[PDB]
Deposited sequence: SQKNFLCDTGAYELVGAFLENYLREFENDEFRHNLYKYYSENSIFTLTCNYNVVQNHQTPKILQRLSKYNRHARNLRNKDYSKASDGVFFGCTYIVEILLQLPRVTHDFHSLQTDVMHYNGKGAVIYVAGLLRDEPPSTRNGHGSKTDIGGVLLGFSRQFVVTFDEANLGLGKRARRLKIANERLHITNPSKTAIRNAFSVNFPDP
């Protein structure tokens, strides 16, 4: 397991943003409360690369992601909007239809790729359990976030940064044998 860090100033933004945002996505009941990170100009896509290999169970559970998934591999350039969710209302609307999860925080591999006063690019690769309101399912996943930093305007004139997500991709995939072993 290796994590990448852009800048050593970005270090405590991994735990602050990623590990709070992930924990708050987990329970789908209170998942509406992620409305705060997204903005009018936000963009979200979802991709699913899970090789099925208990087959009816797998395909019905993976459909929860697939019914929204996007893929331009061999697709007609006109259907390119198919799958692209745009603006905070529309994004949170898709996010509330996804299953409940529990991320395995020990499994997470981080890549902070940009970081300045305007914002950051931050990727996480990990393992989560898909949970039913029928059985448990371990999945592989990636989350990539392009985020901007804006001065929060609390009334104390102390400079503070509010994090906004500009671009957002969830990726669902097979867990690696190593992750399954160590879950």
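- Gaps in the model relative to the deposited sequence occur at 1, 55 to 57, 138 to 148, 199 to 206, listed in sequence order.
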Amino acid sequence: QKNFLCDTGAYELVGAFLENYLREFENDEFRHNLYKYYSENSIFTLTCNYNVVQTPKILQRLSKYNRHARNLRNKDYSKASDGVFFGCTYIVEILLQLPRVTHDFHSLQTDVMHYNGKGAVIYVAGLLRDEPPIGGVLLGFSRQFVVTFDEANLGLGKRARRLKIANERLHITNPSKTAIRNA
From here on, numbers count along this sequence of modelled residues.
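- For the pair 2 to 10 and 173 to 181, the mean Cα B-factor is higher in 173 to 181.
- Stretches 57 to 65 and 35 to 43 differ in mean C-alpha B factor, with the higher average recorded for 57 to 65.
- Out of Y115, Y123, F141, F30, it is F30 whose C-alpha atom has the highest B-factor in the PDB entry.
- Set against one another, the Cα B-factors of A160, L22, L163, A166 in the record reach their highest point at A160.
- For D76, the recorded CA B-factor ranks within the highest third of the chain. Only modelled residues enter the ranking.
- Ranked by C-alpha B-factor against the other modelled residues of its chain, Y50 falls in the highest third.
- Ranked by Cα temperature factor within the chain, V137 sits in the middle third according to the deposited record.
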